[PDB]
Structures are given as structure tokens and as C-alpha cells.
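Position 1 is the first residue of the sequence; numbering continues from there. Keep in mind that the numbers below use all heavy atoms, side chains included, and drop hydrogens, waters and symmetry copies.
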Amino acid sequence: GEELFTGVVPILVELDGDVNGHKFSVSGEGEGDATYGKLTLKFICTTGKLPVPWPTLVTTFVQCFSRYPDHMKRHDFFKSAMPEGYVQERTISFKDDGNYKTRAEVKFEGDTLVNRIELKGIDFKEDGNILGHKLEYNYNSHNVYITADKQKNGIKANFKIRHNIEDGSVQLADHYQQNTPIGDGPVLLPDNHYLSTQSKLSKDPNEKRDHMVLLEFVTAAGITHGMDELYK
């Protein structure tokens, strides 16, 4: 399970979306190195111009690449579900605007880790920050808290992403997330903890299609009192 992530793993991301009548598709490719919690991914809109801002799709576009420190090995649900994979479902509610409903399956196809996503967008304002592309092209860091879900054999998370807006304000995107294994093999159900994420957005100067370059680092954290005792 975890042994599938000891080296660099090629990643493929595929999303099909429909946001207020606008149908679109995105393909992403890169690689993950879970030993450093490092993701390098480049996304291309294969249907033309993206109808929503790129930053709003960052969370939707593979937490199995998070760095789980050795003392937290027993809490890494995402890798324990591999190679069969897990389903990741989200609702993302944008304050004073519409919402996304996403469903993804993340699993290995051979050596490639594949994230296949369906996105539906509803009730957006045609003049709002999303459909109006009024978000800044950047991304803040966040701590995502993970909890187990015994009765559904998986985990859940909820967190509020802060998106910077052109006019100086901040647009909150409230995420509710649920992950469940695809396989029937047992998986690690974690103790409460969090994932510390940082993301940098950039552009490829040679890319003519609408696109996003993403560099991301994720580390699991929060289980500390045991280690701290060693240094008293």
C-alpha cells in the first residue's frame, strides 16, 4: 500500500465539468513524491477557455501523496486504500454564490496514479466572482483536519478555503469531503489529525492553451505529544 509510494509516481488527472450550462474538460499530468509530500502538476483545459477561475479547482484536482511522518504511519488512510483506490466526494459552497458537487475516483492504473473527476456547478451568479473571473491567480496555505468515519469505512473533512478577490476581499469556499475505499481490503482508519498544505500557481510561458501549473507540498501533522516526550 504505502510501498507503492516510495519513489516518484506519475499522475494523471481527468475532469469533466458542467458549470451553469458551460461544459468543459481538463487533463492534468505530473508526478508525486510522497516522501517529500511534493506534487508537480500541469493542467490544460481541453475544451477551450475555463469557465471558472483556475484557483477554484485546485482542491478538486490526490492526498495519497501527503507526507505522513514515520510516527504517523498508522493514520495514512489514503495510501492504505491503494492500489484499488478510494472515492472522494465533495460539496464546495461559495459564500454568496453557487456550489460545486464533485465525485472522483483515485486509483492506480499500472504505475500511474489516476484522479478521475466529475464536477457539477449550480446556482452561480453570472456576474459573480466565479463566473466573472474576479479571483486573484494565487493560493493560500491551509490546515485540513481529517476524521474517521467508522460506519462508512472511510474519512471525512470540512474546511474553508480563502480565495483572494480583485477588490481586496476574501471569498470563502466551504468544503465538505467524504472518502471511502473502492476495494474491500481493510484500510487504516486514522486518529484525528490534519494535513498542512501549501500551493503555488504559475504559468507555462510556452503553453498556448488555457492552463495552470501547480506546485504543492502537503505534510500530515498534529500527533505530537508522544514525540515531544522523547526530548524532555
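- The nearest pair of heavy atoms linking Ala81 to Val187 is CA-CG1, 3.7 Å.
- Going from atom CG of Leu41 over to atom CG of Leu215 covers 9.5 Å, rounded to the nearest 0.5 Å.
- Each salt bridge (charged side-chain N to carboxylate O under 4.0 Å, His left out) pair with one or both residues in residues 221-232, not counting sequence neighbours, would appear here, but there are none.
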Problem set entry | Full working for side-chain contact (heavy atoms from CB on, under 4.5 Å) between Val144 and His142 | CA-CA 6 Å; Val144 176; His142 196 91; 3.9 Å; yes
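- Between the side chain of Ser66 and the backbone N or O of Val218 there is no donor-acceptor pair closer than 3.5 Å.
- A ring pair (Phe, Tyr, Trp, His ring centres under 6.0 Å) check over residues 194-230, counting only residues at least two apart or in different chains, returns the pairs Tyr145-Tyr194.
- Under the 4.5 Å side-chain criterion, counting only non-hydrogen atoms from C-beta, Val13 is not in contact with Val26.
- Linking ILVMFWY residues whenever their side-chain heavy atoms come closer than 4.5 Å, directly or via other members, leaves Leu50 and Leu135 in distinct clusters.
- Judged by distance alone, the side chain of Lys79 and the main-chain N or O of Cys64 form a donor-acceptor pair under 3.5 Å.
- In the hydrophobic clustering of ILVMFWY residues, with side-chain heavy atoms under 4.5 Å counting as a link, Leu189 and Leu195 come out together.
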Problem set entry | Audit row: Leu119, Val19, side-chain contact (heavy atoms from CB on, under 4.5 Å) steps and yes/no | CA-CA 8 Å; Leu119 182 150; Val19 180; 3.6 Å; yes
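- When side chains are defined from C-beta on, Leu39 does not count as touching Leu214, because their heavy atoms never get closer than 4.5 Å.
- The NE2 atom of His75 lies 5.0 Å from the CD1 atom of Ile223; values are rounded to the nearest 0.5 Å.
- For the pair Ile130 and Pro53, the minimum side-chain heavy-atom distance is below 4.5 Å.
- Applying the side chain to side chain contact (heavy atoms under 4.5 Å, CB included) rule to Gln177 yields the partners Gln63, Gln88, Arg90, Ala157, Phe159, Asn179; only residues at least two apart in sequence or on another chain are considered.
- In this structure, the side chain of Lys125 does not engage the main chain of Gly98 through any donor-acceptor pair within 3.5 Å.
- When the salt bridge (charged side-chain N to carboxylate O under 4.0 Å, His left out) test is applied to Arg116, the partners found at least two apart in sequence or on another chain are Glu109.
- Sorted pairs that involve residues 52-63 and meet salt bridge (charged side-chain N to carboxylate O under 4.0 Å, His left out), not counting sequence neighbours, are lacking altogether.
- In this structure a side-chain-to-backbone donor-acceptor pair under 3.5 Å is missing from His193 to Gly222.
- Contact detail for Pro69 and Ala220: the closest heavy-atom pair is CD-O, 3.5 Å.
- Atoms NZ and OG1, on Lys120 and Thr102 in that order, are 11.0 Å from each other to the nearest 0.5 Å.
- Under a 3.5 Å cut-off, the side chain of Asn164 and the backbone N or O of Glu136 do not form any donor-acceptor pair.
- Taking all atoms of both residues into account, the shortest heavy-atom contact from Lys107 to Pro83 is CB-O, 3.7 Å.
- Every pair passing ring pair (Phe, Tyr, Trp, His ring centres under 6.0 Å) that includes a residue from residues 5-44 is listed here, sequence neighbours excluded: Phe5-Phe65, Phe5-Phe108, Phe43-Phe61.
- In this structure, the separation between OH on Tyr139 and OG1 on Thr197 is 7.0 Å, given to the nearest 0.5 Å.
- Residues that satisfy the side chain to side chain contact (heavy atoms under 4.5 Å, CB included) test with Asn99, not counting sequence neighbours, are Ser93, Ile122.
- Atom CD of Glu89 has more than 12 heavy atoms from other residues, nucleotides or ligands within 6.0 Å.
- With sequence neighbours left out, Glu118 forms a salt bridge (charged side-chain N to carboxylate O under 4.0 Å, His left out) with no residue at all.
- Following chains of ILVMFWY side-chain contacts shorter than 4.5 Å, one cannot reach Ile182 starting from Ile117, and the two form parts of different hydrophobic clusters.
- The local environment of OH in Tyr137 is crowded, with over 12 non-hydrogen atoms from other residues, nucleotides or ligands closer than 6.0 Å.
- Between the side chain of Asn115 and the backbone N or O of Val62, no donor-acceptor pair lies under 3.5 Å.
- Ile155 and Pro190 make their closest contact through CG2-CD, 3.5 Å (heavy atoms, listed as atom of the first residue, atom of the second, distance).
- Atom-to-atom distance recorded for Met212:CE and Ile44:CD1 is 11.5 Å, nearest 0.5 angstrom.
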Taking distance alone, no hydrogens or angles, what donor-acceptor pairs closer than 3.5 Å link side-chain atoms of residues 166-173 to residues at least two apart or in another chain?
{"residue": "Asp167", "atom": "OD1", "partner": "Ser169", "partner atom": "OG", "Å": "2.5"}
{"residue": "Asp167", "atom": "OD2", "partner": "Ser169", "partner atom": "OG", "Å": "3.4"}
{"residue": "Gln171", "atom": "OE1", "partner": "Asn129", "partner atom": "ND2", "Å": "3.1"}
{"residue": "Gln171", "atom": "NE2", "partner": "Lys95", "partner atom": "O", "Å": "2.7"}

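- For the pair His163/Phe94, a side-chain contact is recorded, criterion being any heavy-atom separation below 4.5 Å from C-beta on.
- Here the CG-CE distance, from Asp76 to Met82, works out to 9.5 Å after rounding to the nearest 0.5 Å.
- Applying the salt bridge (charged side-chain N to carboxylate O under 4.0 Å, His left out) definition to pairs two or more places apart or across chains, those involving residues 3-23 are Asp18-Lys23.
- For residues 193-206, every residue pair satisfying the salt bridge (charged side-chain N to carboxylate O under 4.0 Å, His left out) rule, not counting sequence neighbours, is listed here: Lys42-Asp204.
- Residue pairs meeting the side chain to side chain donor-acceptor pair (under 3.5 Å) criterion with at least one member in residues 44-61, sequence neighbours excluded, are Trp54-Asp210, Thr56-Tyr100, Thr59-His175.
- Under the 4.5 Å side-chain heavy-atom criterion for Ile, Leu, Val, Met, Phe, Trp and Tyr, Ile11 and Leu201 are members of the same hydrophobic cluster.
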